[PDB]
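got an experimental structure here, sequence first:
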Amino acid sequence: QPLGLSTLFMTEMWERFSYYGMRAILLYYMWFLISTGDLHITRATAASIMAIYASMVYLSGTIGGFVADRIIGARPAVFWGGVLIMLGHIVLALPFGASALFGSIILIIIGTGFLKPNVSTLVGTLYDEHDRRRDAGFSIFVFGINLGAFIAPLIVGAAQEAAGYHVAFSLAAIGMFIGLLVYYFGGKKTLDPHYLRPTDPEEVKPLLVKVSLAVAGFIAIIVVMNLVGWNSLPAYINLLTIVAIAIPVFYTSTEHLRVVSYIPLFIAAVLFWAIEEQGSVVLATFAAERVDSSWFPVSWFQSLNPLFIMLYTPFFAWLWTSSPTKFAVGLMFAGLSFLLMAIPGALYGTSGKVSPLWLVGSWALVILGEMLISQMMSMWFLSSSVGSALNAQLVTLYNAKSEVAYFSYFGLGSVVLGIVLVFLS
């Protein structure tokens with residue numbers, strides 16, 4: 001392959017290492033912060049923070065593509081996105097409390113928004129239009145993402161149990177630092193100079209007005225919230241949820257139908273991502289509260305997701321050699337992954353603790369579902385943003401008392417809507 005893939009492989013390997021490493025202990029960290037009185041929220045609110053955090057990272061991602069192509073360039077977008085992210089982890093390793101969560105979260109949200117769509121763009125830039133190495137090349141790139149995502153919970157989770165949260169977060173910072181270094185020294189060797197600048201720059205003033213109007217409305221909204229007395233943390237989370245959902249909602253005989261025909265497909269994607277992103281929130285809660293797991297860090301369950309991706313990837317590749325049907329069966333598997341998790345609780349009760357194989361099977365199903373499910377790329381991140389945004393409301397409903405009903409009701413609900421969608425194909 002081109003020498004430049006090595007640089008980008010490790011760069012992405014290390015950014016996702018940093019991201020999912022942080023994600024694997026962050027909910028437990030907030031639980032920790034609550035118990036010590038630094039964070040005055042319920043565990044439900046802490047869970048809600050995890051969901052909207054992921055959600056905003058995805059939402060943030062739909063703009064960075066715009067910013068790179070038109071303003072700062074894909075390569076500077078990646079570097080400075082990475083710098084902000086590295087700063088995001090640095091903020092969390094300091095002996096601060098809630099004041100660092102948010103500062104960190106904002107840094108990482110913005111930083112990841114810059115990096116994710118743009119590293120993917122640069123991967124494309126390695127190849128000519130007709131260069132055949134492309135499918136293989138993108139596959140190798142994706143393996144690095146999963147590999148980093150796989151090893152990260154293992155390493156950071158172990159550090160957390162052994163040496164505490166702060167040390168664990170510092171490993172994530174070092175991981176991102178390594179990525180920036182490799183990206184930087186490797187980039188000057190192999191990456192095309194063209195992407196140091198924007199490819200599609202009288203539009204500068206209007207863009208300023210457009211961004212400003214969205215932000216000005218947003219700040220005024222926060223003011224009014226504080227005036228009506230809807231200025232609690234859950235209230236602010238409600239604002240971000242509404243924003244994340246309104247963006248897609250606001251967005252002839254035959255023609256009109258096609259655009260309309262896509263609506264059920266988008267909802268399927270949203271609902272799948274809702275379920276898939278709950279892996280790092282609700283199942284993490286289930287793992288820590290309902291499972292017998294003394295010989296390894298419970299955060300390690302988060303490694304099962306990319307493991308199954310790596311395990312599934314070569315099989316489906318052989319297999320494929322319609323799309324709405326893929327969405328449908330994919331959503332059904334997501335529903336099945338939750339229906340499955342309802343079984344141990346219903347049979348034995350929720351007061352005791354159960355075997356780890358239930359979570360293995362759940363992830364087995366949802367990633368199975370995942371194997372089935374420039375313009376379309378941002379649409380992909382909104383599917384996940386809205387899904388995670390949807391999660392920000394639902395996960396506050398999860399506790400030991402609601403465990404079985406939560407998995408079953410919403411599980412069957414997903415299967416049924418999947419049944420509605422298969423039919424519409």
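Structure's in. What do you need? Numbering: from 1, shown residues only.

and stretch 398-414, how far out from the chain middle?
Centroid separation between stretch 398-414 and its chain, computed with CA atoms, centre = their mean, to the nearest Å, is 22 Å.

same deal with stretch 148-161?
17 Å.

mind listing what's buried in that stretch?
Judged by neighbour count using 16 or more other CB atoms under 10 Å, the buried positions of stretch 148-161 are 148-160. All C-beta atoms are positioned from the backbone trio N, CA, C, and that covers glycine.

and if you look at stretch 98-113?
Neighbour count says stretch 98-113 has 100, 101, 103, 104, 105, 107, 108, 109, 110, 111, 112, 113 buried, by 16+ other CB under 10 Å.

give me the distance from that stretch to the chain's centre.
14 Å.

residues in contact with that stretch?
19, 22, 30, 33, 38-39, 49, 53, 56-57, 59-64, 80-89, 91-92, 94 (CB atoms under 8 Å, 6 or more residues apart in numbering).

looking at those, which are in helices?
19, 22, 30, 33, 49, 53, 56-57, 59-64, 80-89, 91-92 (DSSP state H).

could you report the distance from residue 309 to residue 417?
24 Å (CB to CB, to the nearest Å).

over to residue 299?
On the measure of CB to CB, residue 299 and residue 417 end up 32 Å apart.

between the two, which one's more packed in?
residue 299 (27 against 18; other CB atoms under 10 Å).

that one: what secondary structure?
Recorded secondary structure, residue 299: helix (DSSP: H, G, I helix; E, B strand; the rest coil).

residue 153 is in contact with that one, correct?
Yes. The criterion here is CB atoms under 8 Å, and residue 299 meets it with residue 153 at 5.6 Å.

what touches both of those two?
By CB under 8 Å, 6+ apart, the residues touching both residue 299 and residue 153 are residue 24.

spatially central residue for the protein, please.
Computing the C-alpha centroid of the chain and ranking residues by CA atoms, centre = their mean puts residue 54 first, at 4.8 Å.

okay, now the nearest residue to it once chain neighbours are set aside: neighbour count?
What sits nearest to residue 54 in space, not counting adjacent residues and going by CB to CB, 6 or more residues apart in numbering, is residue 388, at 4.5 Å. Using other CB under 10 Å, residue 388 has 29 neighbouring residues.

equivalent analysis for residue 175, please.
26.

helix or strand for it, which one?
helix 165-190 (DSSP states H and E).

immediately after that helix, which helix or strand?
Counting by DSSP H and E, what follows helix 165-190 is helix 204-228.

which strand or helix spans residue 151?
Per DSSP H and E: helix 134-163 holds residue 151.

does anything pack onto that helix? Which helices or strands?
In terms of contacts (3 or more CB pairs under 8 Å, 6 or more residues apart in numbering; DSSP states H and E), helix 134-163 is packed against helix 4-35, helix 98-125, helix 165-190, helix 304-320.

out of those, which one sits most buried?
The highest mean neighbour count among the helices and strands packed on helix 134-163, using mean count of other CB atoms under 10 Å, belongs to helix 4-35: a mean of 23.

what helices or strands is that one leaning on?
Against helix 4-35 (3+ CB pairs under 8 Å, 6+ apart) you get helix 43-67, helix 74-93, helix 98-125, helix 134-163, helix 165-190, helix 282-290.

out of those, nearest to residue 321?
Ranking those by proximity to residue 321 (CB to CB) places helix 134-163 first, at 11.0 Å.

ok, which of the helices and strands packed on helix 134-163 comes nearest residue 218?
helix 98-125 (13.6 Å).

okay, the angle between the closest one and helix 134-163?
Interaxial angle of helix 98-125 relative to helix 134-163 (axes from the mean of the first three to the mean of the last three CA atoms, to 10 degrees): 160 degrees.

what about residue 348, distance to residue 403?
11 Å.

more neighbours, the two?
More crowded of residue 348 and residue 403, by other CB under 10 Å: residue 403, with 22 against 13.

where's that one relative to residue 310, distance?
30 Å.

go on, residue 390?
27 Å.

same thing with residue 238?
37 Å.

so how far is stretch 412-425 from its chain's centroid?
With CA atoms, centre = their mean, you get 24 Å for stretch 412-425.

contacting residues around that stretch?
So stretch 412-425 is in contact with 264-265, 267-268, 271, 275, 322, 324-325, 327-329, 331-332, 334-336, 338-339, going by CB under 8 Å, 6+ apart.

out of those residues, which are buried?
Applying 16+ other CB under 10 Å to the contacts of stretch 412-425 flags 264-265, 267-268, 271, 275, 324, 327-329, 331-332, 334-336, 338-339 as buried.

which one in this protein is furthest away from the centre?
Outermost residue of the chain (CA atoms, centre = their mean): residue 253, 37.3 Å.

so what does that residue have for phi and psi?
Phi and psi for residue 253, reported as degrees, to the nearest 10, are phi -60, psi -60.

so how far is residue 70 from it?
Taken as CB to CB, the span from residue 253 to residue 70 is 35 Å.

ok, residue 162 next?
Distance from residue 162 to residue 70, by CB to CB: 46 Å.

more neighbours, these two?
residue 70 (15 against 10).

now name the helix or strand holding residue 128.
Applying DSSP H and E, one finds residue 128 in no helix or strand.

and it, how many neighbours?
Neighbours of residue 128 using other CB under 10 Å come to 8.

next: residue 208.
Neighbours around residue 208, by other CB under 10 Å: 10.

how close does the closest residue to residue 56 other than its chain neighbours get to residue 3?
Nearest non-adjacent residue to residue 56, counting by CB to CB, 6+ apart: residue 109, 4.9 Å away. According to CB to CB, residue 109 and residue 3 sit 32 Å apart.

how about residue 10?
From residue 10 to residue 3 the distance is 12 Å (CB to CB).

check residue 252 too.
Distance from residue 252 to residue 3, by CB to CB: 49 Å.

now do the contacts for residue 279.
For residue 279, counting by CB under 8 Å, 6+ apart, the contacting residues are 302, 305, 363, 366.
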